[PDB]
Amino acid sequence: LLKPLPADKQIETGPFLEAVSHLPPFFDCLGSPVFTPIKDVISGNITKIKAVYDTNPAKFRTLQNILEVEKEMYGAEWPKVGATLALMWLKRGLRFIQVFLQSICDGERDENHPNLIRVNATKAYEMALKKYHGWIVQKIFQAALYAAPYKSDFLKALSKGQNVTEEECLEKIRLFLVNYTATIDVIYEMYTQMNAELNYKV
């Protein structure tokens, strides 16, 4: 689980990186090599943030510190630079995972295709990522979607094989989502208040 936010809503960079570093692996709950490239993309963002943090953990103590430091370090190349860029993209992958899991927990489904997770992934994609992809990457997403597992399998993949009902799994996901969602929200507000959000497409 992620720490709760402190009253000052500052997010400590070290603890944050340690928590998010447990996310990429999970993509192998999706159960197909198609998603391995995605894990490495997310993992790349986390690496890049850590490599900058590691250079001066004090200067880069909080996520806010990264943005404001890099803003003065880089001038006109900022925010399309350094850890600020990497975190700009990491927050979008995190949000995808948040929206996807929340949509599953909220019982959203396609009533005639109940064992799939395609509607949940698509919603997650539309809310987190689609705005930032050109059509080639969108078509790539559409194709990749088909590699997505059955809901039943996914959930069983989430519970480390450990024998809990689907209902119990979802209750634990809901618990995870509280501090996760609040953390992602704070990162998005920081990007807004720093005018560090860019809208270019890949």
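Quick note: we count residues from 1 along the sequence shown, nothing fancier.
On average the C-alpha atoms of 125-133 have higher B-factors than those of the other stretch, with 82-90 and 125-133 being the two compared. In this crystal structure, the stretch out of 62-70 and 138-146 whose C-alpha atoms carry the higher mean B factor is 138-146. Within the group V41, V52, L175, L158, the record's highest C-alpha temperature factor is found at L158. Sort the modelled residues of the chain by CA B factor and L116 lands in the highest third. Annotation for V164: C-alpha temperature factor in the highest third relative to the rest of the modelled chain, per the entry. When the modelled residues of the chain are ordered by C-alpha B-factor, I104 sits in the middle third.
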